[PDB]
Amino acid sequence: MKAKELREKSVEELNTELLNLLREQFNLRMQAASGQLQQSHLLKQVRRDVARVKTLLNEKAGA
Amino acid sequence: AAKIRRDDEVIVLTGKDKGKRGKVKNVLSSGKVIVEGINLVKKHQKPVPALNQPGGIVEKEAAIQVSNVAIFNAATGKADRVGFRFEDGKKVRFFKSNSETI
Amino acid sequence: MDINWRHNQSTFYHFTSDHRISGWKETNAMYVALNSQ
Amino acid sequence: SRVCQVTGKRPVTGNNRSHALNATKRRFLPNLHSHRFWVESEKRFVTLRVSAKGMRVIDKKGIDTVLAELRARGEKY
Amino acid sequence: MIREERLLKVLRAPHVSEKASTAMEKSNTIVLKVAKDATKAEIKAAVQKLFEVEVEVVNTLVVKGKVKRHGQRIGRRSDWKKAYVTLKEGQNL
Amino acid sequence: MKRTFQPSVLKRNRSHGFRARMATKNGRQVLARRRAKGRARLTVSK
RNA sequence: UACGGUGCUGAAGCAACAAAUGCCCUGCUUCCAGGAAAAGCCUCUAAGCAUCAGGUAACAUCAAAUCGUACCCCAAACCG
RNA sequence: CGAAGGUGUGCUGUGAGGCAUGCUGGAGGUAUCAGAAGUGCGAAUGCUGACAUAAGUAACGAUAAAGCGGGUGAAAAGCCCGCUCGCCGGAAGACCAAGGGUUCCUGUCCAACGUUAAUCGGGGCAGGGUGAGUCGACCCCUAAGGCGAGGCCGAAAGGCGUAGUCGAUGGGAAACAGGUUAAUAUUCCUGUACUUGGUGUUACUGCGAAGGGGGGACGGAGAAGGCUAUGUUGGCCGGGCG
RNA sequence: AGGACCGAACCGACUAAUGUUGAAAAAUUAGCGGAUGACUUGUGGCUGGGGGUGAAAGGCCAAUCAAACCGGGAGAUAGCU
RNA sequence: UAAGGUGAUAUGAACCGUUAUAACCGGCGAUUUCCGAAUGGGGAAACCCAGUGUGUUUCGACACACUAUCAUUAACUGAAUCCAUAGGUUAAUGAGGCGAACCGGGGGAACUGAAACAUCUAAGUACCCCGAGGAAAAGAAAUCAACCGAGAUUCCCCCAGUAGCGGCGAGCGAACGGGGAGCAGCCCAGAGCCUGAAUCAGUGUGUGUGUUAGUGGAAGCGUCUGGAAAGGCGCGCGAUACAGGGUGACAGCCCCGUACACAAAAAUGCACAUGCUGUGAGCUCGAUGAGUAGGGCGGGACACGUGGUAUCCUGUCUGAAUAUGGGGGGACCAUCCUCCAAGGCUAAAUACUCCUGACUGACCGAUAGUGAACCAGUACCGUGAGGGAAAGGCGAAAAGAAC
C-alpha cells in the first residue's frame with residue numbers, strides 16, 4: 001500500500017490517518033500491554049503505515 | 001549473486017562427509033549452509049521447565065562452509081563449478097563443463 | 001578493589017607534614033635532630 | 001581605546017633601554033586629544049579624538065575631506 | 001478542545017498491581033500509565049473520549065526509573081507517569 | 001572533623017556548571033578541551 | 001477467626017489548680033550603637049474613554065496547570 | 001610420520017654457545033652467506049604484575065549486657081516469636097532542610113560484600129511503591145551581588161556601568177479533624193471548609209497608569225499582665241479485689 | 001545597666017592520661033575558658049596568586065603556603081648521586 | 001541488486017519475502033523532540049515564563065507562525081530649537097558559533113647557555129589574542145648590478161659557517177652571484193574618439209571525463225598419512241588472472257576476489273563548447289599618488305648589539321622637490337649608472353592533514369603499538385581546571401557437557 005494511499009484526496013488520508021491511529025494503533029497498545037495480542041507484528045506494521053500516511057500527506061499538501 | 005542457494009542439491013567436498021550428497025536446508029549469512037543428513041552433531045540439551053521438554057541427545061545437522069560443498073551435476077554425476085550467464089535479461093546460473101543452464 | 005588499591009597507595013605521595021615521617025608515621029625525629037645540633 | 005580617529009595611531013611597543021642596555025618593555029602612546037571641530041558645510045561641531053598630528057592633517061586636508069574618509073572606512077563620528 | 005491525534009498518544013497502558021486493583025474495586029479509580037508529557041486535562045479528555053466513561057478527577061505522579069545492571073553494565077530504566085483516574089458513580093472500565 | 005567538601009547543588013552549578021562555563025571566554029575554552037579530549041560529561045550539571 | 005487479626009458494638013468524655021522559653025507582642029518601658037528594599041494591598045488622579053469600556057455587590061458556572069512528594073537525615077543512606 | 005615454545009637427558013667447543021634426542025605442545029621454523037639493530041640486566045630507595053616473610057601473629061572499631069524457651073533451617077550466640085535483664089530518654093525518641101538518590105515495601109538467593117556464622121541485611125535478583133487549587137518549588141517582588149541594550153573606557157581578549165534584567169537566606173492567596181496501605185498522605189477516603197482568577201446574568205455606578213500618598217516596614221535589652229499548649233489532683237465511667 | 005557574675009545548650013581548646021601500623025591523616029576520657037557579646041550560627045554573595053585576606057602567626061587561601069592548584073615552556077639545568 | 005530477511009550482545013516469539021512495492025546498497029526528497037551561537041524574556045544546559053497575529057461548525061480551550069543583538073540600506077516618524085541632527089519604529093540583506101594542522105597580524109616570557117651574571121643568548125620560541133583561505137602571504141623594481149648586464153613574487157641546492165655582527169665572549173650569520181621548480185601580467189587616479197571588441201564573473205544548455213550503487217570474470221582429479229587436506233606421491237588444465245583473504249594443516253584451478261571488459265534513473269566535481277546578463281577592448285592626448293620623502297628625539301626590524309652604519313618601520317616635534325624633478329648604489333661628497341615611492345589587483349611553483357579511498361613497510365604484536373585491539377577518555381580520583389587505568393586468544397564446528 002503505497003500507490004493506494006497516493007491516489008486519494010487529503011481528506012481521505014486524514015480519515016485513514018485517524019483510523020490508523022484510532023482503530024489500529026491505540027487498541028493494539030492497550031491490547032498488547034494487557035496480556036493479549038499474540039500477534040506482535042501488527043504494532044510494527046501499523047506504525048510504519050502511519051508513517052506512510054503522514055509522508056504522502058506532507059507530499060500532497062503543498063510542496 | 002550466490003552460487004549455492006536454498007533448495008539446491010549439493011555434494012560435499014571436504015571432511016567427515018566427503019562425497020556425501022544432500023539437499024541444502026538453509027543458507028546462513030555467515031557464508032555457511034545447513035544440508036540435510038550431512039554434518040550431524042550429537043547435541044544434548046536440557047529439558048527446560050517451559051514448553052515441551054525433549055531432553056536426551058538430539059542429533060542435529062551443523063552448518064558446513066559454502067566452499068566445502070559444490071552443486072551436484074547429475075548429468076555427469078560429479079561435483080561441478082557454477083557460473084552466471086545472461087539469458088533473456090535473466091542472470092541464470094549454469095554448470096561449467098557442459099555449460100548447461102541449471 | 002584494584003582501583004581503590006592504586007588510589008589508596010597514592011594517598012601520601014604529595015604530602016607536607018614534617019613531624020610525621022612520610023606524612024603519617026609518628027616518631028621523635030624532631031627531638032633527635034634538635035638534640036644533634 | 002587610544003586610537004587616533006584620523007590617522008589610526010595605536011599605541012605601539014618598545015623598550016626602555018638604559019645606560020647598561022637593560023631592555024624593558026614600554027608602550028609609546030599617541031598624543032591623543034579630544035577636540036571639537038567646526039564643520040561649516042554642516043554648521044555643527046563634530047568632536048573627535050585626534051592625535052596632535054591628526055590636527056595637522058585636518059588643517060591641511062580640511063575637515064570635510066577627513067570626515068569623508070571616516071565615513072568611508074566606517075569610523076563613526 | 002484537544003485534537004484527537006494528541007489525545008490518542010497520551011494513554012499508554014493500564015497499570016496492573018494490587019494498589020491499582022484495590023483502587024478499582026474500592027474507590028472507582030482506574031490506574032494507568034500515561035505519556036510522560038501528558039497533562040491532567042489531556043488524560044481526563046482521553047479517558048472521556050477513548051473509554052467513553054465520565055471522569056471525576058485525575059491525579060498524576062511520575063515514577064523514577066530504577067538503575068538496574070546486566071553483568072557489570074549498569075543502566076537506569078526510564079521515567080514514566082502514572083495517572084490515578086477517579087471516575088464517577090456510573091462506570092465499568 | 002569538618003572536611004573540605006560540604007556539598008551544595010546550587011553552588012556546584014553556579015560555580016562550575018554549564019551556563020557558567022559558557023558565560024566567559026576561558027570557560028568556553030574549558031568546554032572545548034573537554035569536548036576535544038572527548039568526555040562523557042563536560043560540566044557537572046547532574 | 002487463613003491466629004496474623006478481621007468486622008460489629010462501645011460507657012464516661014467533667015472540674016479545680018499549676019503553668020511555659022509558645023501566643024497577645026511587629027505590643028509596652030527603656031537605651032544608644034539609632035535599627036532592609038520592592039511588590040501584593042488600600043487610595044488619588046493625568047493622558048484617554050465617557051448613555052461604551054471599566055469599577056462595586058449578589059448569584060451561577062468554569063478553572064487553579066507543571067515539577068517535588070518513597071527512604072535516611074546528629075546518621076550503617078550526607079561530608080570523613 | 002609433527003614446527004615454534006616448555007621440560008629432561010646425552011654429546012661437544014677456550015668461552016659466549018652449539019648439536020642430537022625422550023616427554024608436553026599443537027603450527028609454524030629456517031640453513032649458508034650477506035644486511036639492519038628497540039641486540040644480551042642482578043643491582044638504578046628502577047617500572048609493572050605475581051608470590052613469599054613476619055604469621056595463622058596483632059586485630060575483629062566505645063566496658064549500654066545479656067539469659068532461656070520455641071520456630072525456620074542442611075546448620076542458630078547473632079534471624080523470627082515470647083518471657084525476663086540492661087542502656088538512651090533536651091536522645092541513642094519524633095519531624096524535616098541540606099546532601100544522597102530507590103537505600104523504602106514484599107517475595108526470593110547466600111557466590112562476593114558484612115572485620116565471625118548467617119536462614120539475616122542498607123548485599124544479589126524480580127515485582128511493587130511516591131496521588132495536592134490550600135505543603136514546598138515554579139510564580140509575583142526585592143537585598144547582597146551578578147549580568148547588562150546604548151554608553152564611558154581599554155593593544156586585542158576585555159574592564160566598568162545607565163535603562164533594564166536576574167538573584168532568597170527575606171516580603172506575597174487559601175485545609176483542618178478522623179480513617180486507611182506491606183509500602184503515600186494536611187495529597188487517597190469520610191466530614192466540614194476556605195482562597196484566587198476567568199466567564200455569564202442582574203442592580204448601582206465615573207473608570208483609568210513603567211505617575212502621587214499611605215501601608216508593607218521591620219533594633220538591643222528589660223518588665224510584668226492576660227492566656228494557652230501541657231501537666232497534676234478530684235469527680236465521672238469501665239474493670240480488679242488480688 | 002553591664003565587651004557585668006555563676007552556669008547548661010552553643011563557641012572554644014588550658015592540663016593530664018590514652019591513642020600514636022589510631023576508633024580518628026588531630027581524636028577520646030576527666031577536669032578547663034567564654035557563654036548579651038569585639039558573641040555564635042544557617043543560606044547566598046564578594047576578594048585570587050607576588051595576588052587576596054590577616055585583632056599579625058609568615059597565619060589562612062579545599063588534609064598543600066617565605067608565594068596555591070592544574071596544564072604547558074619541558075627531556076629546564078644538575079662540574080652531583 | 002535480490003533469495004532470503006526483521007542491526008549487536010542474544011537466543012527466542014510474532015511475522016515479511018522467493019521473479020519482484022521482502023531485505024541490503026546508492027542518488028534525491030520528507031520527518032528531524034529538547035539543550036547548545038541558541039536567537040521571544042529568563043535560567044542552576046537539556047527547564048521556567050510569555051507577547052503578537054492567523055485559524056479552530058463542543059472556537060469556556062487548542063494548533064501554527066513570528067518576536068534576539070549588531071552592521072549596512074530604505075521607508076515612516078522625531079527632541080532640547082525654527083529648519084535640521086540625535087533618537088524611535090518597521091522592513092530587506094548579512095553576520096554571530098564550532099573545527100586538527102598550515103598562514104598573516106597584534107602582544108610576548110623564563111628556565112637555559114655564557115662553566116657566576118647584568119649587554120648577549122634562549123627567542124620573536126612557548127603562550128595569549130585577532131583575522132582569512134584552500135592554501136595564506138608576497139608580487140610586477142623609487143630592485144640589484146657595475147660601466148658589462150639582469151629583469152615581479154615564492155620555493156629548493158650552492159654561495160658559506162663565508163663577509164661580517166659579537167661583554168669581538170657564548171654565540172648570531174648574510175648578500176652578490178650561480179644552478180633548478182614555476183612563469184603572467186595588469187588596472188584606477190581621465191577626457192575625447194568609440195561601444196559592446198578580447199576579459200573574466202554570474203547563470204542555462206550540450207559534450208567529454210570522474211565520484212556516489214554495481215555486472216561478468218579462467219582453470220583439477222586419483223591415491224597415502226590424518227580428526228580434517230589445500231600436505232606427500234601421480235597425472236592434467238588456466239594465466240593480460242601466481243595481489244590478497246577465507247576454507248577443518250601449506251590451494252593458481254573450493255569460495256570471495258585479482259587481471260581484463262563493461263554499467264547510472266538521479267545528484268554532482270572538473271574541462272571544453274555555447275545562450276543571456278554584467279563587465280569592459282582599442283586609438284589620440286593629458287595626468288602620473290603631501291603632511292609624503294627627508295630631518296631632530298626615542299624605540300624597533302634588517303646577519304649588522306649605535307658603531308664610521310647605509311637601508312626599512314614609526315611614538316613624538318617638524319617638513320620638501322614635484323621629469324629643466326626625485327630615490328638608491330652601506331658614513332659622506334662629486335662624477336657616472338640604475339630606477340619612479342607616498343594607490344591597488346594578480347595564477348603556478350609552496351606549507352599542512354581534523355577527514356575519505358587505495359596501496360606500502362629489514363614498524364609494534366597485548367608490560368609493545370595509540371592512554372584506548374575488549375561498549376576507553378570508560379571505571380576511578382579531584383570542588384574544579386584536570387588526571388586517568390587494568391582488562392585479547394576453548395574448539396575446525398558449541399557438538400559448550402542429556403542422564
# chains A, B, ... in the order shown; residues from 1 in each chain; ligands from 1
$ interface_residues --of "chain A" --to "chain J" --cutoff "8 Å" --atoms "only C-alpha atoms (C1' of nucleotides)" --output "ChimeraX atom specification"
/A:1-2,38-41,55,58-59
$ write_last_selection --atoms "N, CA and C atoms" --output "PDB file, in the first residue's frame"
ATOM      1  N   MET A   1       0.828  -1.233   0.000  1.00  0.00           N
ATOM      2  CA  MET A   1       0.000   0.000   0.000  1.00  0.00           C
ATOM      3  C   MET A   1       0.848   1.263   0.000  1.00  0.00           C
ATOM      4  N   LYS A   2       1.264   1.700  -1.163  1.00  0.00           N
ATOM      5  CA  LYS A   2       1.949   2.988  -1.290  1.00  0.00           C
ATOM      6  C   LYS A   2       1.368   3.835  -2.407  1.00  0.00           C
ATOM      7  N   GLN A  38      -1.294 -11.953  20.865  1.00  0.00           N
ATOM      8  CA  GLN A  38      -0.278 -12.918  20.430  1.00  0.00           C
ATOM      9  C   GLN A  38       0.508 -12.326  19.252  1.00  0.00           C
ATOM     10  N   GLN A  39      -0.211 -11.733  18.291  1.00  0.00           N
ATOM     11  CA  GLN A  39       0.409 -11.233  17.060  1.00  0.00           C
ATOM     12  C   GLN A  39       1.038  -9.881  17.267  1.00  0.00           C
ATOM     13  N   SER A  40       2.345  -9.842  17.512  1.00  0.00           N
ATOM     14  CA  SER A  40       3.001  -8.585  17.860  1.00  0.00           C
ATOM     15  C   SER A  40       3.446  -7.793  16.653  1.00  0.00           C
ATOM     16  N   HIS A  41       3.529  -8.433  15.485  1.00  0.00           N
ATOM     17  CA  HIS A  41       3.995  -7.746  14.282  1.00  0.00           C
ATOM     18  C   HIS A  41       3.035  -6.638  13.830  1.00  0.00           C
ATOM     19  N   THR A  55       3.667  10.758   5.393  1.00  0.00           N
ATOM     20  CA  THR A  55       4.567  11.099   4.317  1.00  0.00           C
ATOM     21  C   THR A  55       3.825  11.595   3.112  1.00  0.00           C
ATOM     22  N   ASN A  58       2.159  14.886   3.720  1.00  0.00           N
ATOM     23  CA  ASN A  58       3.054  16.031   3.622  1.00  0.00           C
ATOM     24  C   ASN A  58       3.412  16.300   2.150  1.00  0.00           C
ATOM     25  N   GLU A  59       3.563  15.262   1.354  1.00  0.00           N
ATOM     26  CA  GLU A  59       3.890  15.431  -0.061  1.00  0.00           C
ATOM     27  C   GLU A  59       2.706  15.999  -0.845  1.00  0.00           C
TER      28      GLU A  59
END
$ select_by_dssp --residues "chain B" --states "strand (DSSP E or B)" --output "PyMOL selection string"
chain B and resi 9-12+21-28+32-35+40-44+57-61+64-65+69-72+79+82-87+90-95+101
$ residues_around --residues "residue 257 (chain J)" --least-positions-apart "6" --cutoff "12 Å" --atoms "only C-alpha atoms (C1' of nucleotides)" --output "PyMOL selection string"
chain J and resi 217+241+243-246
$ write_last_selection --atoms "N, CA and C atoms (P, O5', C5', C4', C3', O3' and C1' of nucleotides)" --output "PDB file, in the first residue's frame"
ATOM      1  P     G J 217      30.781 -14.953 -13.789  1.00  0.00           P
ATOM      2  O5'   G J 217      32.328 -14.851 -14.140  1.00  0.00           O
ATOM      3  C5'   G J 217      32.867 -15.202 -15.423  1.00  0.00           C
ATOM      4  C4'   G J 217      34.238 -14.608 -15.559  1.00  0.00           C
ATOM      5  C3'   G J 217      35.265 -15.067 -14.530  1.00  0.00           C
ATOM      6  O3'   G J 217      35.832 -16.319 -14.884  1.00  0.00           O
ATOM      7  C1'   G J 217      35.303 -12.712 -14.646  1.00  0.00           C
ATOM      8  P     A J 241      48.340 -11.666 -16.020  1.00  0.00           P
ATOM      9  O5'   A J 241      47.235 -12.120 -14.996  1.00  0.00           O
ATOM     10  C5'   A J 241      46.957 -11.322 -13.860  1.00  0.00           C
ATOM     11  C4'   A J 241      45.913 -12.005 -12.996  1.00  0.00           C
ATOM     12  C3'   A J 241      46.300 -13.381 -12.445  1.00  0.00           C
ATOM     13  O3'   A J 241      45.859 -13.496 -11.086  1.00  0.00           O
ATOM     14  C1'   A J 241      44.258 -13.527 -13.610  1.00  0.00           C
ATOM     15  P     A J 243      51.816 -12.885  -8.104  1.00  0.00           P
ATOM     16  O5'   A J 243      51.193 -12.069  -6.882  1.00  0.00           O
ATOM     17  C5'   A J 243      49.856 -11.567  -6.943  1.00  0.00           C
ATOM     18  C4'   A J 243      49.671 -10.418  -5.993  1.00  0.00           C
ATOM     19  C3'   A J 243      49.232 -10.801  -4.583  1.00  0.00           C
ATOM     20  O3'   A J 243      50.325 -11.127  -3.737  1.00  0.00           O
ATOM     21  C1'   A J 243      47.854  -9.056  -5.378  1.00  0.00           C
ATOM     22  P     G J 244      50.195 -12.300  -2.668  1.00  0.00           P
ATOM     23  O5'   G J 244      48.911 -11.894  -1.836  1.00  0.00           O
ATOM     24  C5'   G J 244      48.977 -10.927  -0.774  1.00  0.00           C
ATOM     25  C4'   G J 244      47.593 -10.478  -0.356  1.00  0.00           C
ATOM     26  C3'   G J 244      46.832 -11.462   0.504  1.00  0.00           C
ATOM     27  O3'   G J 244      47.218 -11.481   1.867  1.00  0.00           O
ATOM     28  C1'   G J 244      45.402 -10.714  -1.195  1.00  0.00           C
ATOM     29  P     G J 245      47.130 -12.855   2.670  1.00  0.00           P
ATOM     30  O5'   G J 245      45.573 -13.009   2.969  1.00  0.00           O
ATOM     31  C5'   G J 245      44.889 -12.042   3.778  1.00  0.00           C
ATOM     32  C4'   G J 245      43.400 -12.254   3.733  1.00  0.00           C
ATOM     33  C3'   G J 245      42.902 -13.610   4.208  1.00  0.00           C
ATOM     34  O3'   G J 245      42.838 -13.783   5.607  1.00  0.00           O
ATOM     35  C1'   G J 245      41.862 -13.110   2.192  1.00  0.00           C
ATOM     36  P     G J 246      43.225 -15.196   6.214  1.00  0.00           P
ATOM     37  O5'   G J 246      41.938 -16.087   5.933  1.00  0.00           O
ATOM     38  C5'   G J 246      40.707 -15.782   6.585  1.00  0.00           C
ATOM     39  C4'   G J 246      39.550 -16.467   5.899  1.00  0.00           C
ATOM     40  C3'   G J 246      39.442 -17.971   6.042  1.00  0.00           C
ATOM     41  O3'   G J 246      38.913 -18.393   7.292  1.00  0.00           O
ATOM     42  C1'   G J 246      38.980 -17.365   3.813  1.00  0.00           C
TER      43        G J 246
END
$ atom_distance --atom1 "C1' of residue 136 (chain J)" --atom2 "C1' of residue 94 (chain J)"
24.6 Å
$ closest_atom_pairs --of "chain D" --to "chain J" --cutoff "8 Å" --atoms "only C-alpha atoms (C1' of nucleotides)" --output "JSON lines"
{"residue": "D:11", "atom": "CA", "partner": "J:315", "partner_atom": "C1'", "distance": 7.4}
{"residue": "D:12", "atom": "CA", "partner": "J:315", "partner_atom": "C1'", "distance": 7.0}
{"residue": "D:14", "atom": "CA", "partner": "J:299", "partner_atom": "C1'", "distance": 5.3}
{"residue": "D:15", "atom": "CA", "partner": "J:299", "partner_atom": "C1'", "distance": 6.1}
{"residue": "D:16", "atom": "CA", "partner": "J:299", "partner_atom": "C1'", "distance": 7.8}
{"residue": "D:20", "atom": "CA", "partner": "J:119", "partner_atom": "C1'", "distance": 6.9}
{"residue": "D:21", "atom": "CA", "partner": "J:119", "partner_atom": "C1'", "distance": 6.1}
{"residue": "D:22", "atom": "CA", "partner": "J:119", "partner_atom": "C1'", "distance": 7.2}
{"residue": "D:28", "atom": "CA", "partner": "J:315", "partner_atom": "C1'", "distance": 4.8}
{"residue": "D:29", "atom": "CA", "partner": "J:315", "partner_atom": "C1'", "distance": 6.0}
{"residue": "D:30", "atom": "CA", "partner": "J:315", "partner_atom": "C1'", "distance": 6.1}
{"residue": "D:31", "atom": "CA", "partner": "J:316", "partner_atom": "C1'", "distance": 7.9}
{"residue": "D:56", "atom": "CA", "partner": "J:291", "partner_atom": "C1'", "distance": 7.1}
{"residue": "D:57", "atom": "CA", "partner": "J:291", "partner_atom": "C1'", "distance": 6.1}
{"residue": "D:60", "atom": "CA", "partner": "J:291", "partner_atom": "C1'", "distance": 7.4}
$ write_last_selection --atoms "N, CA, C and O atoms" --output "tab-separated table (two decimals), in the first residue's frame"
chain	number	residue	atom	x	y	z
D	11	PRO	N	48.67	52.65	20.18
D	11	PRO	CA	49.91	52.58	20.94
D	11	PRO	C	50.77	51.42	20.43
D	11	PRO	O	50.30	50.30	20.23
D	12	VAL	N	52.05	51.66	20.27
D	12	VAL	CA	53.00	50.62	19.84
D	12	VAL	C	53.88	50.27	21.01
D	12	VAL	O	53.81	50.91	22.08
D	14	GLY	N	57.80	48.86	22.72
D	14	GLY	CA	59.21	49.17	22.58
D	14	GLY	C	59.99	48.81	23.77
D	14	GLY	O	59.47	48.01	24.58
D	15	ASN	N	61.18	49.40	23.90
D	15	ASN	CA	61.97	49.14	25.04
D	15	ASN	C	62.41	50.42	25.73
D	15	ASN	O	62.81	51.40	25.10
D	16	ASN	N	62.30	50.48	27.04
D	16	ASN	CA	63.21	51.35	27.78
D	16	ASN	C	64.56	50.69	27.71
D	16	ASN	O	64.74	49.64	28.35
D	20	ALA	N	73.15	50.78	30.80
D	20	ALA	CA	73.69	49.43	30.83
D	20	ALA	C	72.97	48.56	29.79
D	20	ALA	O	73.17	47.37	29.75
D	21	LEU	N	72.15	49.15	28.97
D	21	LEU	CA	71.38	48.50	27.91
D	21	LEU	C	70.36	47.48	28.39
D	21	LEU	O	70.06	46.59	27.74
D	22	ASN	N	69.86	47.61	29.57
D	22	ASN	CA	68.89	46.67	30.04
D	22	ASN	C	67.54	46.95	29.32
D	22	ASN	O	66.85	47.95	29.54
D	28	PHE	N	54.72	53.18	23.61
D	28	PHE	CA	54.64	54.52	23.10
D	28	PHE	C	53.17	54.76	22.81
D	28	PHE	O	52.51	54.01	22.08
D	29	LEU	N	52.68	55.88	23.32
D	29	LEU	CA	51.32	56.28	23.25
D	29	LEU	C	51.21	57.42	22.26
D	29	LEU	O	52.10	58.27	22.17
D	30	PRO	N	50.08	57.47	21.55
D	30	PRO	CA	49.91	58.65	20.67
D	30	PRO	C	49.52	59.85	21.49
D	30	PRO	O	48.97	59.72	22.55
D	31	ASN	N	49.70	61.00	20.95
D	31	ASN	CA	49.26	62.28	21.60
D	31	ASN	C	47.82	62.54	21.33
D	31	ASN	O	47.47	63.49	20.63
D	56	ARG	N	47.05	68.38	12.32
D	56	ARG	CA	47.85	68.91	11.24
D	56	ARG	C	47.20	68.53	9.94
D	56	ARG	O	47.10	69.36	9.01
D	57	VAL	N	46.79	67.28	9.84
D	57	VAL	CA	46.23	66.77	8.59
D	57	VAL	C	44.81	67.27	8.40
D	57	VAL	O	44.31	67.30	7.27
D	60	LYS	N	45.44	70.73	6.97
D	60	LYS	CA	45.90	70.69	5.58
D	60	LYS	C	44.78	70.17	4.65
D	60	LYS	O	44.42	70.85	3.71
$ interface_residues --of "chain F" --to "chain H" --cutoff "9 Å" --atoms "only C-alpha atoms (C1' of nucleotides)" --output "list in words"
residues 6, 7, 8, 9 and 25 of chain F
$ closest_residue --among "E:61, E:43, E:53, E:31" --to "chain H" --atoms "only C-alpha atoms (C1' of nucleotides)"
E:61
$ residues_around --residues "residue 183 (chain H)" --least-positions-apart "3" --cutoff "9 Å" --atoms "only C-alpha atoms (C1' of nucleotides)" --output "list in words"
residues 70 of chain G; 104, 105, 106, 128 and 129 of chain H
$ interface_residues --of "chain H" --to "chain E" --cutoff "8 Å" --atoms "only C-alpha atoms (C1' of nucleotides)" --output "PyMOL selection string"
chain H and resi 102+128+130-131+189
$ write_last_selection --atoms "N, CA, C and O atoms (P, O5', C5', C4', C3', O3' and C1' of nucleotides)" --output "PDB file, in the first residue's frame"
ATOM      1  P     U H 102      19.909   4.750  43.606  1.00  0.00           P
ATOM      2  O5'   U H 102      18.918   3.714  44.295  1.00  0.00           O
ATOM      3  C5'   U H 102      18.913   3.394  45.717  1.00  0.00           C
ATOM      4  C4'   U H 102      17.591   2.806  46.064  1.00  0.00           C
ATOM      5  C3'   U H 102      16.955   1.835  45.115  1.00  0.00           C
ATOM      6  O3'   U H 102      16.329   0.793  45.842  1.00  0.00           O
ATOM      7  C1'   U H 102      15.477   3.620  45.452  1.00  0.00           C
ATOM      8  P     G H 128       5.978  -3.950  38.708  1.00  0.00           P
ATOM      9  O5'   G H 128       5.550  -3.407  40.144  1.00  0.00           O
ATOM     10  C5'   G H 128       4.275  -3.747  40.659  1.00  0.00           C
ATOM     11  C4'   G H 128       4.194  -3.516  42.142  1.00  0.00           C
ATOM     12  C3'   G H 128       4.081  -2.082  42.587  1.00  0.00           C
ATOM     13  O3'   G H 128       2.744  -1.580  42.548  1.00  0.00           O
ATOM     14  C1'   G H 128       5.701  -3.136  43.877  1.00  0.00           C
ATOM     15  P     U H 130       2.367   5.012  44.523  1.00  0.00           P
ATOM     16  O5'   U H 130       3.100   6.289  45.088  1.00  0.00           O
ATOM     17  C5'   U H 130       3.009   6.672  46.481  1.00  0.00           C
ATOM     18  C4'   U H 130       3.806   7.934  46.675  1.00  0.00           C
ATOM     19  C3'   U H 130       3.667   9.037  45.613  1.00  0.00           C
ATOM     20  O3'   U H 130       3.727  10.324  46.228  1.00  0.00           O
ATOM     21  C1'   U H 130       5.937   8.470  45.872  1.00  0.00           C
ATOM     22  P     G H 131       2.392  11.045  46.711  1.00  0.00           P
ATOM     23  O5'   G H 131       1.471  10.887  45.423  1.00  0.00           O
ATOM     24  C5'   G H 131       1.582  11.830  44.381  1.00  0.00           C
ATOM     25  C4'   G H 131       0.274  11.896  43.640  1.00  0.00           C
ATOM     26  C3'   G H 131      -0.772  12.853  44.202  1.00  0.00           C
ATOM     27  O3'   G H 131      -1.442  13.390  43.087  1.00  0.00           O
ATOM     28  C1'   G H 131      -1.670  10.689  44.103  1.00  0.00           C
ATOM     29  P     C H 189     -10.419  10.750  46.929  1.00  0.00           P
ATOM     30  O5'   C H 189     -11.073   9.949  48.148  1.00  0.00           O
ATOM     31  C5'   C H 189     -11.577   8.604  47.985  1.00  0.00           C
ATOM     32  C4'   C H 189     -12.111   8.100  49.296  1.00  0.00           C
ATOM     33  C3'   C H 189     -13.077   9.013  50.052  1.00  0.00           C
ATOM     34  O3'   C H 189     -14.428   8.845  49.617  1.00  0.00           O
ATOM     35  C1'   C H 189     -11.423   8.271  51.534  1.00  0.00           C
TER      36        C H 189
END
$ residues_around --residues "region 32-42 of chain D" --least-positions-apart "3" --cutoff "7 Å" --atoms "only C-alpha atoms (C1' of nucleotides)" --output "list in words"
residues 2, 4, 45, 46, 47, 48, 49, 50, 51, 52 and 63 of chain D
$ residues_around --residues "residue 19 (chain B)" --least-positions-apart "5" --cutoff "12 Å" --atoms "only C-alpha atoms (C1' of nucleotides)" --output "PyMOL selection string"
chain B and resi 10-14+38+68-72+77-79
$ residues_around --residues "residue 71 (chain E)" --least-positions-apart "5" --cutoff "12 Å" --atoms "only C-alpha atoms (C1' of nucleotides)" --output "list in words"
residues 124 and 125 of chain H; 9 of chain J
$ write_last_selection --atoms "C-alpha atoms (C1' of nucleotides)" --output "PDB file, in the first residue's frame"
ATOM      1  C1'   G H 124      22.212 -10.259  44.633  1.00  0.00           C
ATOM      2  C1'   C H 125      17.581 -10.862  41.543  1.00  0.00           C
TER       3        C H 125
ATOM      4  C1'   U J   9      25.370  -8.629  22.985  1.00  0.00           C
TER       5        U J   9
END
$ atom_distance --atom1 "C1' of residue 228 (chain J)" --atom2 "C1' of residue 248 (chain J)"
4.5 Å
$ interface_residues --of "chain C" --to "chain J" --cutoff "12 Å" --atoms "only C-alpha atoms (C1' of nucleotides)" --output "list in words"
residues 1, 2, 3, 4, 5, 6, 7, 8, 10 and 11 of chain C
$ atom_distance --atom1 "CA of residue 9 (chain E)" --atom2 "CA of residue 33 (chain E)"
11.5 Å
$ interface_residues --of "chain G" --to "chain F" --cutoff "12 Å" --atoms "only C-alpha atoms (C1' of nucleotides)" --output "list in words"
residues 78, 79 and 80 of chain G
